[PDB]
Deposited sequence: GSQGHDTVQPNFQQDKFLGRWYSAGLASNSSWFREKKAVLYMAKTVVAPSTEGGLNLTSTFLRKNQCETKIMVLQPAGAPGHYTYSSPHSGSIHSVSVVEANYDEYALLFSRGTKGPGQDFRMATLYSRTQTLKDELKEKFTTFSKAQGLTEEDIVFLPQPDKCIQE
């Protein structure tokens, strides 16, 4: 079913306990991510985002991690283990990412992708719920605002 998730998505929700997130959450906007196959059978994620009043593009490679819906990703320099918690290929994908710079330097991140730029409240609740079930507070949860540019808004 991986092929079902190819195509255009929008990062609409983000939650984490990291230092990065805590000190950059205020400047984060919704990004447009196009998904296609990766060399090793994983996924190539090409994202277009607003960094500092500028449209940037980055390519992330989710390497297969031994099972459908499980990937590894090189970030921080650290590596992350990404899993698809729940998803409907025509509507959304709830991803969970866990990393650890070392014993006690463990960070967690919940990401909500959407086929549309608009998010239904029921979907917002699911994200908040999953995020809290992971030890994340509301101050750690944010629904990414739609950028004016860099997306074909």
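*Asks:* If a residue lacks a C-alpha atom here, it counts as unmodelled; so which stretches of the deposited sequence fall into that category?
*Replies:* No C-alpha for residues 1-12, 88-89.
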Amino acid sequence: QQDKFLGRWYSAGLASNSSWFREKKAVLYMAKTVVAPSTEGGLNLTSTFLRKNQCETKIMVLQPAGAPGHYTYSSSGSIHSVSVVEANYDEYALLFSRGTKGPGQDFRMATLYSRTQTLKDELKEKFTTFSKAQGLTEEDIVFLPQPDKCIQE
From here on, numbers count along this sequence of modelled residues.
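*Asks:* Output the stretch having the higher mean C-alpha B factor in the entry; the candidates are 38-46 and 98-106.
*Replies:* Averaged over C-alpha atoms, the B-factors run higher in 98-106.
*Asks:* Which is higher in the entry, the mean Cα B factor of 112-120 or that of 47-55?
*Replies:* Looking at the record's C-alpha B-factors, the answer is 47-55.
*Asks:* Using the temperature factors of the C-alpha atoms in this entry, rank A133 within its chain: lowest, middle or highest third.
*Replies:* CA B-factor rank for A133: middle third.
*Asks:* Please rank the C-alpha B-factors of the chain's modelled residues and tell me whether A67 sits in the lowest, middle or highest third.
*Replies:* Middle third.
*Asks:* With respect to C-alpha B-factor, does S83 fall in the lowest, middle or highest third of the chain as deposited?
*Replies:* Within its chain, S83 is a lowest-third residue by C-alpha B-factor, going by the deposited values.
*Asks:* Relative to the other modelled residues of the same chain, rank the CA B-factor of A93 and answer lowest, middle or highest third.
*Replies:* Lowest third - that is where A93 ends up once the chain's C-alpha B-factors are sorted.
*Asks:* In terms of the chain's CA B-factor thirds, is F143 lowest, middle or highest?
*Replies:* Its C-alpha B-factor belongs to the middle third of this chain's values.
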